[PDB]
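Chemist: Pasting in a structure now, in structure tokens, and then I'll have a few things to ask.
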Amino acid sequence: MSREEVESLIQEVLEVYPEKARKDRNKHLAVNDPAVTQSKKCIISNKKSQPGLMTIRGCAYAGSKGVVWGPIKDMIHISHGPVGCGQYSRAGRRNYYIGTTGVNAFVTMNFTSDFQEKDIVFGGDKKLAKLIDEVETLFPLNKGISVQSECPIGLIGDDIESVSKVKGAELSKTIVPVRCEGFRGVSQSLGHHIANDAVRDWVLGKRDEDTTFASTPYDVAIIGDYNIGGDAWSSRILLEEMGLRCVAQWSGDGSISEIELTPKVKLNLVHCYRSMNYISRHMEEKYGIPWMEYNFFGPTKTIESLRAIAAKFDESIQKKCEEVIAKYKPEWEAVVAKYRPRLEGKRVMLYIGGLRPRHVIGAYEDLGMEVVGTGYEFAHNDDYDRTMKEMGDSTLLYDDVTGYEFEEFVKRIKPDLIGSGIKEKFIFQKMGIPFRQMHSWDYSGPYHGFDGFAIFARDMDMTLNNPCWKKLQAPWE
Amino acid sequence: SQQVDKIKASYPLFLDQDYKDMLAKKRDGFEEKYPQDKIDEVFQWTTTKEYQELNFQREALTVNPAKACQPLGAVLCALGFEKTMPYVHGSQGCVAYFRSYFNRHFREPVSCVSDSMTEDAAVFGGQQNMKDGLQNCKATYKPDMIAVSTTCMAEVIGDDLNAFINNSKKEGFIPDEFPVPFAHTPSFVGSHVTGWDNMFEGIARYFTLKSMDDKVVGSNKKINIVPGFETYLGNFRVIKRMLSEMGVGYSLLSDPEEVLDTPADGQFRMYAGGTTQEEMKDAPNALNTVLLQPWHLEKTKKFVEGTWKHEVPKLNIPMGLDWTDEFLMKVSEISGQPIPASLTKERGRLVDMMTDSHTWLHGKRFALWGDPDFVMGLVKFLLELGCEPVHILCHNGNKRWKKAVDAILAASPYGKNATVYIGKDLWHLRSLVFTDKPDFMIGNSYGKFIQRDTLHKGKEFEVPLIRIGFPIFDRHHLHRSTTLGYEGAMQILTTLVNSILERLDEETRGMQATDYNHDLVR
Amino acid sequence: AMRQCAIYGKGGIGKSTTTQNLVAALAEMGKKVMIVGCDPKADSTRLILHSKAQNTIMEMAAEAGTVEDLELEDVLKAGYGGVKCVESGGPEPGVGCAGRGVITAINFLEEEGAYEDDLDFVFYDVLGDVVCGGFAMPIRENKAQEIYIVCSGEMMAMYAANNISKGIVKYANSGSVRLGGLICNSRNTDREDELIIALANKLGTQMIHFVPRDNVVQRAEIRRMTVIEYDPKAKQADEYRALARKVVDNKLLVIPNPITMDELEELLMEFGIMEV
Amino acid sequence: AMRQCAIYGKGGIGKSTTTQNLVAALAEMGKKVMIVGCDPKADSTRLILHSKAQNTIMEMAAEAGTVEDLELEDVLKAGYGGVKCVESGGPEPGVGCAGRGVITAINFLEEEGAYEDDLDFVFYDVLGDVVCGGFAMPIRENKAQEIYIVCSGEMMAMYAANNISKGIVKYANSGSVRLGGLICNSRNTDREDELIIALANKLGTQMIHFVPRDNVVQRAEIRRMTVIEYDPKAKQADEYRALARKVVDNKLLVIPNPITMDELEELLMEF
Ligand SMILES: Nc1ncnc2c1ncn2[C@@H]1O[C@H](COP(=O)(O)OP(=O)(O)CP(=O)(O)O)[C@@H](O)[C@H]1O
Ligand SMILES: Nc1ncnc2c1ncn2[C@@H]1O[C@H](COP(=O)(O)OP(=O)(O)O)[C@@H](O)[C@H]1O
Ligand code: ICS
Ligand code: CLF
Ligand code: SF4
Ligand SMILES: [Fe+3]
Ligand SMILES: [Mg+2]
Ligand SMILES: [Mg+2]
């Protein structure tokens with residue numbers, strides 16, 4: 001608070017770095033101006049991380065396997081390479097699904113080619129071919145396979161496209177080779193892009209010349225909702241109560257047939273712009289399908305989204321929209337009446353991935369809370385363009401923040417609440433600052449939609465006002 | 001919908017009729033799902049001996065492994081040294097996973113850095129990343145030591161850690177005397193425990209190799225203890241407690257017990273406690289060195305015997321009654337200190353517990369998995385308790401270890417129905433608990449999906465999971481437990497017999513059906 | 001109608017010289033050609049551009065930040081006869097991963113659409129030893145369809161030819177790539193032409209042309225040009241035109257049949273190698 | 001006082017032949033020597049063994065599943081003069097990662113105590129295309145302390161020398177590996193000896209020996225032998241003994257000062 005003072009804090013924190021890192025990090029920290037429309041004038045993003053500074057970022061494999069492909073429930077996803085990557089990512093993300101796991105669905109499982117030294121030296125294409133035969137033997141109801149490359153696959157030049165084509169034809173199966181070796185790009189983000197392109201090239205066009213699906217004018221798809229703790233379900237219920245038909249959700253609780261049917265819809269509803277804008281633009285260019293961003297975090301944004309979406313159709317849908325909004329009005333008003341008095345005026349700092357750092361702000365504001373700092377691991381400048389108008393003047397923005405920076409900023413701004421990831425959580429709890437996981441929802445949720453808002457409000461209150469936070473100082477000190 | 005005074009999270013929210021209806025429409029409309037009867041038929045097939053034969057013919061596919069990769073272990077080793085920053089040369093995705101993995105098991109901060117090698121560093125090598133990374137890390141987080149390991153991309157391209165680190169020093173990116181020990185930790189060799197061995201031997205070498213000339217075995221009158229890969233805080237603690245109780249001078253080499261358990265008192269402590277650099281430098285002057293987990297400390301053992309000239313005792317992990325006895329007698333022999341009355345009494349209290357609970361333990365059948373030393377200690381103690389290990393799995397075990405465990409099994413009439421599996425995974429183990437059902441599984445949190453699968457066949461086929469091992473993500477604070485020594489044996493015994501009794505109560509809780517055996521007193 | 005060719009053969013056997021002179025000859029007869037250098041030494045386009053340099057894809061990626069920041073205009077340059085030139089780039093010896101450089105570079109060229117179809121030929125100039133998958137990137141599906149192997153009548157050059165054919169069979173059978181012939185870059189050995197013709201038959205291919213050892217090559221090279229540009233009516237210039245025409249008109253594209261070490265030793269003995 | 005030596009140079013320049021003929025001569029003198037082949041075509045010991053099949057470390061590892069299951073006496077063989085021979089091995093061309101094969105093989109040798117036993121010399125025979133970190137495994141600390149670069153009076157072969165010296169510098173500055181000299185494997189070019197002596201001084205090293213071009217080298221090779229074994233009294237055999245003697249008594253170990261591609265062009269015009 002106060003622009004000169006925030007700029008002072010930034011320069012103080014930067015003093016610890018060597019010149020090269022100091023010069024770089026300076027470009028990734030900003031004091032917000034809601035007026036500014038071109039964030040390139042104010043902050044730089046989507047650049048390589050400085051070595052040794054404890055970035056919070058992950059890799060392209062996390063962005064491809066962990067985020068986009070992993071949730072698709074009736075396919076089997078191969079972590080191709082050594083045993084590490086697939087094991088750390090096994091069931092760490094709560095992309096919820098309905099299925100019979102190990103039989104027709106496979107999301108929580110870890111399939112891997114478990115590369116050994118002889119596989120590196122002699123290459124793994126023969127092992128991958130045999131692995132695919134064994135998958136078909138032991139999991140006959142799988143509806144397709146993806147091959148998610150880890151680092152060594154990309155270095156040694158294994159030809160996984162050729163293997164996917166030959167085995168695909170031999171077994172009449174969709175097999176999707178993904179070059180998401182983790183050293184590509186600079187973060188999870190290039191993994192999104194690589195994964196989108198793999199969907200485009202290997203899956204999405206499968207029904208291009210099939211007309212057996214009966215489409216309606218109210219057909220939509222939810223693009224970029226990974227159903228964390230059931231988020232997509234509590235969004236999908238609203239769209240369908242509004243009279244729309246949700247043919248697909250990408251990719252939380254998603255199925256390969258939903259993906260193949262998606263080119264038949266009338267409108268693509270994009271929640272996560274960062275991870276799925278690529279295939280959204282593709283679908284408009286090839287199929288003529290328009291897309292629109294929406295936001296189902298909190299009642300103000302949900303209501304605004306529902307009306308914006310409904311205006312895209314006809315009067316019948318707009319009538320149903322207002323009827324949905326009327327139905328849920330006393331529910332979220334009771335949530336606000338109960339929890340807003342407990343949270344009013346509290347100040348929050350966020351640090352998340354590529355969407356939620358701006359997207360959840362409205363929900364905090366519906367509870368009378370103030371977001372005084374936000375930032376992203378891997379957003380691009382078109383994300384910051386959308387962020388600066390959502391944030392207050394002289395709030396702090398930080399891109400690819402370091403462990404050191406984030407801590408120093410928190411010590412000076414002294415938020416009442418911090419919303420970030422598992423690698424941040426236990427640091428700030430020890431400083432006595434209430435912390436909410438804003439990736440995993442701290443094993444709670446959903447937070448999307450009206451039903452989600454009630455849980456979000458409950459969770460923020462339970463943590464911010466918990467009796468544990470008064471107990472950190474021993475009485476004799 | 002929500003009632004504001006009884007808000008529903010995902011469970012049981014999505015059991016509401018309107019959500020159930022919506023999910024049914026999603027499935028039938030767009031998922032083109034196999035019919036339920038087909039799903040049931042395939043599920044039943046996956047429980048058969050026919051499926052098991054296909055399953056065990058796998059040569060290329062791994063499903064649900066029960067191991068992780070080398071640098072995970074290197075990081076844990078490095079965390080055990082005073083003000084030491086683990087540093088993994090290579091790709092940053094790895095480090096985000098290492099930290100998260102450990103965050104979830106210990107519920108604590110885990111500090112580790114990367115030098116973020118990207119595509120152009122893969123092609124040109126990571127020398128510049130090491131230079132900037134070391135300078136940056138030192139300036140920013142102010143460690144007294146940086147312990148360098150590698151991710152697999154840096155191992156494929158053969159980045160020479162030694163050269164890169166020395167050039168960083170020669171070019172003034174970090175002071176020449178600043179300690180930067182290193183180890184190559186290729187993920188496509190061995191497992192996380194191999195990484196721990198490699199890191200430790202690297203650190204030991206760094207502090208002792210050049211200064212052996214003034215060393216004299218036995219001159220500091222201590223015993224070195226090397227714990228290996230250890231994720232139970234209680235295990236570091238119980239070893240220190242017993243040695244102090246005996247009045248034995250000791251030095252625990254790699255000791256992350258403080259940094260993994262800092263108080264929440266208003267400040268974040270990036271570092272706490274740990275083995276000091278002086279302790280490592282002075283280690284060759286110890287009477288001897290004891291390795292707590294010998295089956296993954298073979299490189300360390302070669303270095304300690306060949307360079308420090310310590311006559312490392314041939315000792316099993318100190319788990320269960322016999323092997324804790326042998327550990328204490330060997331420590332007594334090395335140090336000259338008698339085993340004190342207090343530890344003798346503790347032993348007798350474990351024996352008392354064994355006599356008290358033997359009737360409920362007798363003949364109970366277990367499947368179990370984990371790391372090689374842990375698994376063999378658990379097998380040994382199960383035999384002592386009159387239990388039957390049946391399915392013993394160690395995904396990262398080797399042939400010599402398997403023969404050693406077969407020999408332990410053969411030495412007891414309770415080992416007659418047991419088979420030891422190496423290089424097999426939890427999908428293999430799944431088949432085993434269907435075709436040759438045990439009473440319980442002892443394993444880590446990944447076992448919960450097997451329990452779920454067995455219940456779906458039927459309540460009478462369910463195999464309950466007993467959580468002992470690593471990682472444990474779906475219970476809280478079990479990392480504070482002990483598995484070593486008499487104290488760990490008491491904790492394990494208690495967990496086993498009460499797992500048995502908990503299940504028997506569940507099976508006898510049926511009013512006017514099974515509750516004739518719902519005894520108050522057991 | 002765009003033909004892609006990959007040139008293989010032992011290091012220092014004359015791949016880059018022969019390729020660039022061949023390509024210059026091709027341009028000289030009106031063909032539109034691109035040369036893709038797949039050798040981390042990055043000297044595969046020096047004679048076509050004039051100056052000994054050309055900024056490589058990998059170093060320009062390192063300058064711009066990542067490969068994603070790279071523009072085709074920055075790394076693809078035209079030289080003699082309008083030939084388009086590009087180098088993968090790579091590390092200096094004994095560090096890094098040259099193989100990944102080739103992978104990155106060729107994926108980049110594909111993605112940025114460098115294969116415009118205003119091209120009659122693409123030639124890949126590839127590292128001698130081919131020690132990993134990356135150096136086979138040029139002969140995967142939708143890349144080079146024809147392979148020419150440069151060798152000579154020396155034992156080491158012929159073994160390499162045979163060894164490289166071993167590696168070829170994998171990609172010929174997974175894809176459509178074929179061996180179009182052996183180019184004999186002469187080392188003035190006894191009965192050199194008959195020896196290579198004989199090896200060609202063993203493999204099932206042909207000796208597509210015999211290139212004489214001429215020091216007009218060393219002349220043009222220090223002058224940083226092809227012979228075609230340096231002295232258009234040298235006899236060696238006519239030799240490259242001849243090779244160029246044969247390549248254009250070649251229809252012999254086979255899957256090679258590698259021979260054993262004992263077979264290769266017997267062949268050289270048949271041609272007098274043990275005679276003093 | 002075992003001396004570890006690594007041989008580098010332009011592809012096709014004669015590294016493997018020169019190394020094996022050198023080693024035969026050392027063994028003839030009574031030196032105990034091990035040759036380590038660091039090339040996936042595994043042809044570094046072909047002339048020393050030539051009797052019975054050689055199995056490579058990587059091939060034997062694949063058959064056994066991992067390197068840990070491998071024993072040293074399965075892959076380490078003795079040939080002419082009791083010279084001990086071992087090959088890294090690696091994939092056929094165009095697949096896998098030969099660089100990692102060399103790393104793995106040398107790590108194995110280190111771990112299994114190959115460098116115990118009282119050897120006077122170890123030679124690493126490396127391939128010409130040093131395209132990654134793995135092929136510089138032989139010059140890491142605790143490996144080769146002396147590098148000999150084989151060259152000739154041909155341009156490509158001097159540019160290779162210089163460029164290899166470039167690569168050597170990061171290891172030389174960080175450890176104890178040093179350039180021991182240039183070995184001129186003659187291509188019968190005009191005033192070749194003077195010219196290589198000249199390049200040596202710009203770099204700061206020496207031309208330790210001039211090896212004549214003699215087709216007996218190729219005749220011996222066809223018979224899978226060194227000249228020392230094939231024709232112990234040939235002129236060329238005496239050349240290799242001469243070379244071996246210099247190597248035995250050599251003390252000149254320096255850090256290379258590579259020159260510009262311009263200075264090299266200067267050298268070749270001025271001759
Ligand atoms: N002094 C000499 N006179 C005549 N021929 C010689 C020679 N030295 C080596 N040769 C020949 O040169 C050819 C190549 O020799 P060698 O195989 O030793 O080269 P190299 O080891 O540098 C090939 P690479 O780079 O693939 O590793 C062999 O046929 C060998 O007989
Ligand atoms: N036909 C020829 N006559 C004379 N010298 C040649 C001929 N072809 C190539 N050379 C020379 O041989 C050397 C190696 O050629 P180069 O094309 O660089 O080999 P590679 O490309 O196989 O590494 C170069 O100096 C070149 O000038
Ligand atoms: S996909 Fe992205 S880091 Fe858009 S990689 Fe990440 S389940 Fe975050 S801010 Mo984890 S761009 Fe989703 C995300 Fe947001 S895994 Fe989840 S919470 S809305
Ligand atoms: S960026 Fe994997 S965790 Fe690593 S050392 Fe290799 S096995 Fe282990 Fe991303 S794709 Fe994966 S997670 Fe890293 S390795 Fe690369
Ligand atoms: S062999 Fe090829 S893939 Fe392996 S490191 Fe060397 S260059 Fe890279
Ligand atoms: Fe905690
Ligand atoms: Mg060339
Ligand atoms: Mg050789």
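Each chain in the structure tokens gets a letter, A, B and so on, in the order shown; residues start at 1 in every chain, and ligands are counted from 1 in the order they appear.
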Please provide as a list in words all residues within 9 Å of segment 266-268 of chain C, with the sequence filter that same-chain residues fewer than 2 positions apart are discarded (counting only C-alpha atoms).
Modeler: residues 153, 154, 155, 195, 198, 199, 261, 262, 263, 264, 270, 271, 272, 273 and 274 of chain C; 222 of chain D
Chemist: Please, which residues have at least one atom within 6 Å of an atom of ligand 1, using only C-alpha atoms and all ligand atoms, listed as number ranges by chain?
Modeler: C: 155-156; D: 11-18, 127-128, 185, 211-215, 217-218, 221
Chemist: Where does chain D meet chain B within 12 Å, residue by residue, with the nearest atom pair and distance in Å to one decimal for each, counting only C-alpha atoms, listed by chain and rising number, as CSV?
Modeler:
```
residue,atom,partner,partner_atom,distance
D:64,CA,B:399,CA,12.0
D:65,CA,B:189,CA,11.2
D:66,CA,B:189,CA,8.3
D:67,CA,B:189,CA,9.0
D:68,CA,B:190,CA,9.3
D:69,CA,B:399,CA,8.9
D:96,CA,B:156,CA,10.7
D:97,CA,B:156,CA,7.9
D:98,CA,B:156,CA,9.8
D:99,CA,B:157,CA,7.2
D:100,CA,B:156,CA,5.7
D:101,CA,B:156,CA,9.4
D:102,CA,B:158,CA,9.6
D:103,CA,B:158,CA,7.2
D:104,CA,B:156,CA,10.1
D:107,CA,B:184,CA,10.5
D:110,CA,B:299,CA,11.9
D:111,CA,B:299,CA,8.8
D:112,CA,B:302,CA,10.9
D:113,CA,B:302,CA,11.1
D:130,CA,B:157,CA,11.8
D:131,CA,B:157,CA,9.6
D:132,CA,B:157,CA,6.1
D:133,CA,B:158,CA,4.3
D:134,CA,B:158,CA,4.8
D:135,CA,B:158,CA,8.3
D:136,CA,B:158,CA,8.2
D:137,CA,B:158,CA,7.6
D:138,CA,B:160,CA,11.1
D:139,CA,B:160,CA,10.1
D:140,CA,B:160,CA,7.4
D:141,CA,B:162,CA,7.6
D:142,CA,B:162,CA,10.6
D:168,CA,B:163,CA,11.1
D:169,CA,B:163,CA,10.5
D:170,CA,B:163,CA,7.1
D:171,CA,B:163,CA,5.9
D:172,CA,B:163,CA,8.8
D:173,CA,B:167,CA,7.1
D:174,CA,B:163,CA,5.1
D:175,CA,B:163,CA,6.9
D:176,CA,B:163,CA,10.4
D:177,CA,B:163,CA,11.0
```
Chemist: Would you list the contacts of residue 359 of chain B as a JSON list (two decimals) with C-alpha atoms, in the first residue's frame, taking every protein, DNA or RNA residue within 12 Å and counting only C-alpha atoms, but skipping same-chain residues closer than 4 positions in sequence?
Modeler:
```json
[["chain", "number", "residue", "atom", "x", "y", "z"],
["B", 353, "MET", "CA", 4.11, -57.71, 24.90],
["B", 354, "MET", "CA", 4.92, -60.56, 22.54],
["B", 355, "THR", "CA", 3.74, -63.11, 25.12],
["B", 363, "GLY", "CA", -0.61, -67.76, 11.94],
["B", 364, "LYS", "CA", -1.80, -64.41, 10.56],
["B", 385, "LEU", "CA", 5.79, -63.00, 16.28],
["B", 386, "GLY", "CA", 4.61, -66.33, 14.84],
["B", 387, "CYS", "CA", 3.08, -64.62, 11.79],
["B", 497, "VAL", "CA", -2.41, -56.88, 16.83],
["B", 500, "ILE", "CA", -6.28, -57.68, 13.65],
["B", 501, "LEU", "CA", -8.65, -56.86, 16.52],
["B", 522, "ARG", "CA", -9.79, -59.68, 23.94]]
```
Chemist: Could you list, as a PDB file with N, CA, C and O atoms, in the first residue's frame, every residue of chain C that has an atom within 7 Å of an atom of chain D, counting only C-alpha atoms?
Modeler:
```
ATOM      1  N   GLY C  11      33.770 -39.733 -41.121  1.00  0.00           N
ATOM      2  CA  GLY C  11      34.278 -38.383 -40.941  1.00  0.00           C
ATOM      3  C   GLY C  11      35.497 -38.168 -41.827  1.00  0.00           C
ATOM      4  O   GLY C  11      36.291 -39.092 -42.033  1.00  0.00           O
ATOM      5  N   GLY C  12      35.622 -36.971 -42.396  1.00  0.00           N
ATOM      6  CA  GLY C  12      36.759 -36.646 -43.252  1.00  0.00           C
ATOM      7  C   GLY C  12      36.850 -37.401 -44.579  1.00  0.00           C
ATOM      8  O   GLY C  12      37.861 -37.298 -45.298  1.00  0.00           O
ATOM      9  N   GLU C  92      30.879 -27.510 -28.461  1.00  0.00           N
ATOM     10  CA  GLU C  92      32.261 -27.865 -28.745  1.00  0.00           C
ATOM     11  C   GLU C  92      32.465 -29.298 -28.225  1.00  0.00           C
ATOM     12  O   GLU C  92      31.659 -29.787 -27.432  1.00  0.00           O
ATOM     13  N   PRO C  93      33.526 -29.984 -28.679  1.00  0.00           N
ATOM     14  CA  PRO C  93      33.753 -31.392 -28.304  1.00  0.00           C
ATOM     15  C   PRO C  93      33.767 -31.693 -26.804  1.00  0.00           C
ATOM     16  O   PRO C  93      34.407 -30.964 -26.036  1.00  0.00           O
ATOM     17  N   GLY C  94      33.083 -32.764 -26.406  1.00  0.00           N
ATOM     18  CA  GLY C  94      33.225 -33.300 -25.067  1.00  0.00           C
ATOM     19  C   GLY C  94      32.347 -32.684 -23.993  1.00  0.00           C
ATOM     20  O   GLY C  94      32.670 -32.763 -22.819  1.00  0.00           O
ATOM     21  N   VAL C  95      31.237 -32.081 -24.401  1.00  0.00           N
ATOM     22  CA  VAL C  95      30.280 -31.508 -23.468  1.00  0.00           C
ATOM     23  C   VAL C  95      28.939 -31.410 -24.177  1.00  0.00           C
ATOM     24  O   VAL C  95      28.899 -31.287 -25.393  1.00  0.00           O
ATOM     25  N   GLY C  96      27.843 -31.504 -23.434  1.00  0.00           N
ATOM     26  CA  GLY C  96      26.540 -31.313 -24.031  1.00  0.00           C
ATOM     27  C   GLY C  96      26.051 -32.526 -24.811  1.00  0.00           C
ATOM     28  O   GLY C  96      26.416 -33.651 -24.516  1.00  0.00           O
ATOM     29  N   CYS C  97      25.217 -32.282 -25.811  1.00  0.00           N
ATOM     30  CA  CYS C  97      24.524 -33.338 -26.536  1.00  0.00           C
ATOM     31  C   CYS C  97      24.223 -32.862 -27.969  1.00  0.00           C
ATOM     32  O   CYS C  97      23.189 -32.243 -28.213  1.00  0.00           O
ATOM     33  N   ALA C  98      25.139 -33.127 -28.893  1.00  0.00           N
ATOM     34  CA  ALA C  98      25.003 -32.713 -30.284  1.00  0.00           C
ATOM     35  C   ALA C  98      23.768 -33.338 -30.934  1.00  0.00           C
ATOM     36  O   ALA C  98      23.152 -32.734 -31.807  1.00  0.00           O
ATOM     37  N   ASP C 129      29.892 -40.689 -37.447  1.00  0.00           N
ATOM     38  CA  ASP C 129      29.692 -41.893 -36.632  1.00  0.00           C
ATOM     39  C   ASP C 129      28.230 -42.215 -36.265  1.00  0.00           C
ATOM     40  O   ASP C 129      27.924 -43.361 -35.931  1.00  0.00           O
ATOM     41  N   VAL C 130      27.334 -41.235 -36.345  1.00  0.00           N
ATOM     42  CA  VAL C 130      25.896 -41.477 -36.110  1.00  0.00           C
ATOM     43  C   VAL C 130      25.663 -42.254 -34.801  1.00  0.00           C
ATOM     44  O   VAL C 130      25.181 -43.378 -34.807  1.00  0.00           O
ATOM     45  N   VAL C 131      26.031 -41.648 -33.678  1.00  0.00           N
ATOM     46  CA  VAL C 131      26.131 -42.401 -32.428  1.00  0.00           C
ATOM     47  C   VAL C 131      24.830 -42.448 -31.616  1.00  0.00           C
ATOM     48  O   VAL C 131      24.797 -42.993 -30.510  1.00  0.00           O
ATOM     49  N   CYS C 132      23.754 -41.893 -32.163  1.00  0.00           N
ATOM     50  CA  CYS C 132      22.490 -41.904 -31.431  1.00  0.00           C
ATOM     51  C   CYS C 132      21.324 -41.630 -32.363  1.00  0.00           C
ATOM     52  O   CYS C 132      21.516 -41.330 -33.560  1.00  0.00           O
ATOM     53  N   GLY C 133      20.120 -41.721 -31.804  1.00  0.00           N
ATOM     54  CA  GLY C 133      18.902 -41.515 -32.566  1.00  0.00           C
ATOM     55  C   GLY C 133      18.818 -40.168 -33.244  1.00  0.00           C
ATOM     56  O   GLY C 133      18.289 -40.061 -34.341  1.00  0.00           O
ATOM     57  N   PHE C 135      21.014 -38.352 -34.729  1.00  0.00           N
ATOM     58  CA  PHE C 135      21.651 -38.302 -36.035  1.00  0.00           C
ATOM     59  C   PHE C 135      20.961 -39.190 -37.076  1.00  0.00           C
ATOM     60  O   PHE C 135      21.392 -39.254 -38.233  1.00  0.00           O
ATOM     61  N   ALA C 136      19.865 -39.831 -36.686  1.00  0.00           N
ATOM     62  CA  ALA C 136      19.040 -40.546 -37.663  1.00  0.00           C
ATOM     63  C   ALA C 136      17.759 -39.776 -37.918  1.00  0.00           C
ATOM     64  O   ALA C 136      16.929 -40.175 -38.722  1.00  0.00           O
ATOM     65  N   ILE C 164      27.098 -48.050 -41.317  1.00  0.00           N
ATOM     66  CA  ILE C 164      26.002 -47.098 -41.504  1.00  0.00           C
ATOM     67  C   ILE C 164      24.774 -47.781 -42.139  1.00  0.00           C
ATOM     68  O   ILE C 164      23.634 -47.521 -41.723  1.00  0.00           O
ATOM     69  N   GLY C 167      22.593 -49.509 -39.572  1.00  0.00           N
ATOM     70  CA  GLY C 167      21.681 -48.574 -38.929  1.00  0.00           C
ATOM     71  C   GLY C 167      20.504 -48.152 -39.798  1.00  0.00           C
ATOM     72  O   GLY C 167      19.396 -47.903 -39.299  1.00  0.00           O
ATOM     73  N   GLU C 265      36.958 -58.204 -45.395  1.00  0.00           N
ATOM     74  CA  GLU C 265      38.377 -58.532 -45.429  1.00  0.00           C
ATOM     75  C   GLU C 265      38.711 -59.348 -46.686  1.00  0.00           C
ATOM     76  O   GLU C 265      39.712 -59.095 -47.347  1.00  0.00           O
ATOM     77  N   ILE C 273      45.277 -56.160 -51.469  1.00  0.00           N
ATOM     78  CA  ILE C 273      45.717 -55.367 -50.320  1.00  0.00           C
ATOM     79  C   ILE C 273      46.965 -55.983 -49.652  1.00  0.00           C
ATOM     80  O   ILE C 273      47.818 -55.257 -49.149  1.00  0.00           O
ATOM     81  N   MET C 274      47.105 -57.304 -49.689  1.00  0.00           N
ATOM     82  CA  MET C 274      48.264 -57.937 -49.065  1.00  0.00           C
ATOM     83  C   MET C 274      49.509 -57.924 -49.967  1.00  0.00           C
ATOM     84  O   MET C 274      50.599 -58.288 -49.523  1.00  0.00           O
TER      85      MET C 274
END
```
Chemist: Using only C-alpha atoms and all ligand atoms, which of D:158, D:126, D:207, D:48 sits nearest ligand 2?
Modeler: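 That would be D:158, the residue with the smallest distance to ligand 2.
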Chemist: For ligand 2, collect every residue having any atom at a distance of at most 6 Å from a ligand atom (counting only C-alpha atoms and all ligand atoms); output as a PyMOL selection string.
Modeler: (chain C and resi 10-17+185+211-215+217-218+221) or (chain D and resi 155-156)
Chemist: Would you kindly report the residues of chain C within 8 Å of chain A, using only C-alpha atoms, as a count of residues only?
Modeler: 13
Chemist: As a PyMOL selection string, which residues of segment 281-476 of chain B does DSSP assign to strand (DSSP E or B)?
Modeler: chain B and resi 288-291+319+365-369+388-394+419-422+440-443+465-467
Chemist: Collect all residues with atoms no farther than 6 Å from ligand 3, counting only C-alpha atoms and all ligand atoms, and output them as a count of residues only.
Modeler: 13
Chemist: Check which residues fall inside 7 Å of ligand 6 when counting only C-alpha atoms and all ligand atoms, and print them as a PyMOL selection string.
Modeler: (chain A and resi 426) or (chain B and resi 106-108+261)
